[PDB]
Amino acid sequence: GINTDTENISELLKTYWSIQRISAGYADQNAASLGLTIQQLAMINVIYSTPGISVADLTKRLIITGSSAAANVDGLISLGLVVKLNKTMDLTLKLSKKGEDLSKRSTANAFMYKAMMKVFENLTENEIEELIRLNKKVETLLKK
Amino acid sequence: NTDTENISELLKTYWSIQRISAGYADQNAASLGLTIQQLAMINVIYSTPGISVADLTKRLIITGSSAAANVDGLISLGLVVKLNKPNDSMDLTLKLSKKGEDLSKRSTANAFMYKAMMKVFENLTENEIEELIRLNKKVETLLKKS
């Protein structure tokens, strides 16, 4: 390899960024198939992880405005995907059964699997094994 | 492993690396004095000089009010320049100043991500590094085909 560690790092970071950008498109399609925007889906997922979370904390955790978060919350309540834990930014929420079912469905992204499946048909078994092992090595080395 | 299990493993690993990269992106933003949203705006304006505030909001998928506040902030900091002197207008068009270009560049070339990857590379062989890059590049190329 002629290139420096620095040029190699750039190439790797550009490559990962490009994969992540393509992956975001498939993440959009998966959201769309559930009838939601990616932002609506992110909100449902936060509420799934943190039942009883307040709107104030939900907003901050999504890094969005209160007016847009309050509109989005209102929209998810309209769809029967979330429920108010007190029906009297201080509002607390949890998912309805319908909200949980969609959140779970979102975990399996059928669009990304079909796409990666096509990629694998054009990789050798040794490349697949190595691709997995080397990225996992990078991940683990990054974690420390 | 079955192919389905290998796809899952890869996708989880990529997701995890992206999660780690995001944390370094936050450190970098902090070092540039800007929020991630401020840098996202800077980066859009860099690739599309003369973009309108109306279209800037739609591309960032943000409120009109926030976009207008954020835009006036970037003008206060000397990072963007109006192409016709009303700061809160949706019809306002923008380009980055020189200093805006400089920080955009430092945002894309994340020095904290690089140092982190240099330490990773120290625990990888010259052959592993070439294959990591080659195989990931192959994956990207094949994704772009279908």
Side-chain angles (χ1 to χ4, degrees), chain A residues 1 3 5-10 12-13 15-19 22-27 37-39 63-68 71 108-109 112-113 115-124 126-135 138-144, chain B residues 1 3-11 13-24 35-37 61-64 66 69 108-110 113-114 116-118 120-125 127-129 131-145:
Chain A
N3 36 9
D5 285 18
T6 308
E7 291 168 317
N8 274 327
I9 288 160
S10 299
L12 184 56
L13 299 189
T15 300
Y16 286 146
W17 181 88
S18 193
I19 289 159
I22 295 163
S23 303
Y26 291 118
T37 60
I38 201 68
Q39 297 83 17
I63 318 176
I64 64 180
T65 322
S67 305
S68 56
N109 186 347
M112 184 78 79
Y113 278 83
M116 205 60 54
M117 172 172 309
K118 296 167 183 181
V119 171
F120 276 35
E121 286 162 358
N122 287 306
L123 299 176
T124 76
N126 280 335
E127 287 174 327
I128 293 169
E129 287 176 353
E130 280 300 323
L131 179 63
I132 300 306
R133 192 186 73 78
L134 290 175
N135 282 320
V138 167
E139 187 199 359
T140 63
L141 285 172
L142 281 175
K143 287 180 177 169
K144 46 179 170 174
Chain B
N1 297 28
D3 276 26
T4 295
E5 178 55 33
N6 288 326
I7 291 169
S8 303
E9 184 71 345
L10 184 63
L11 296 172
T13 304
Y14 281 150
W15 181 86
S16 174
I17 288 173
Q18 179 54 293
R19 182 182 42 74
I20 290 166
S21 299
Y24 286 111
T35 65
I36 285 295
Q37 311 90 240
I61 315 181
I62 58 181
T63 341
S66 55
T108 58
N110 182 350
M113 185 65 206
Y114 276 77
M117 206 66 66
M118 197 160 295
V120 175
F121 274 30
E122 277 186 300
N123 288 247
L124 296 181
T125 64
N127 293 350
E128 285 173 308
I129 293 173
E131 294 299 312
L132 179 62
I133 293 172
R134 184 179 82 80
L135 297 173
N136 279 312
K137 189 80 199 69
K138 186 173 279 289
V139 176
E140 179 196 352
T141 52
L142 293 172
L143 282 168
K144 290 176 173 179
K145 289 175 178 177

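Heavy-atom basis, side chains included; hydrogens, waters and symmetry copies ignored. Every chain is numbered from 1, with letters handed out A, B, ... down the list of sequences.
Scanning both residues, A:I132 and B:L10, for their nearest heavy atoms gives CD1-CB, 3.5 Å. B:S66 and A:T65 get closest at one heavy-atom pair: CB-OG1, 4.5 Å. For B:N136 against A:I19, the heavy-atom pair with the smallest separation is O-CD1, 3.9 Å.
For the pair B:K145 and A:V119, the minimum side-chain heavy-atom distance is 4.5 Å or more. The shortest side-chain heavy-atom distance between A:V138 and B:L132 falls under the 4.5 Å cut-off. Side-chain contact between B:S16 and A:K143 is present, with at least one heavy-atom pair separated by less than 4.5 Å. Looking at heavy atoms from C-beta onward, B:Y114 lies out of side-chain contact with A:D5 at the 4.5 angstrom threshold. Contact annotation: the side chain of A:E130 approaches that of B:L135 to within less than 4.5 Å [non-hydrogen atoms, C-beta and beyond]. Side chains of A:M116 and B:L143 form a contact here, defined as non-hydrogen atoms less than 4.5 Å apart.
Rounded to the nearest 0.5 Å, atoms CG (B:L142) and CG (A:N122) are 5.0 Å apart. Annotation: the span from A:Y16 atom OH to B:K137 atom NZ amounts to 13.5 Å, rounded to 0.5 Å. Going from atom CD1 of B:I7 over to atom CD1 of A:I128 covers 8.0 Å, rounded to the nearest 0.5 Å. With rounding to the nearest 0.5 Å, the separation of CD in B:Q37 from CD1 in A:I64 is 11.0 Å. Atom OG1 of B:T13 and atom CZ of A:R133 lie 12.5 Å apart (nearest 0.5 Å).
Within the 4.5 angstrom heavy-atom criterion, only side-chain atoms of A:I63, from C-beta onward, approach chain B.
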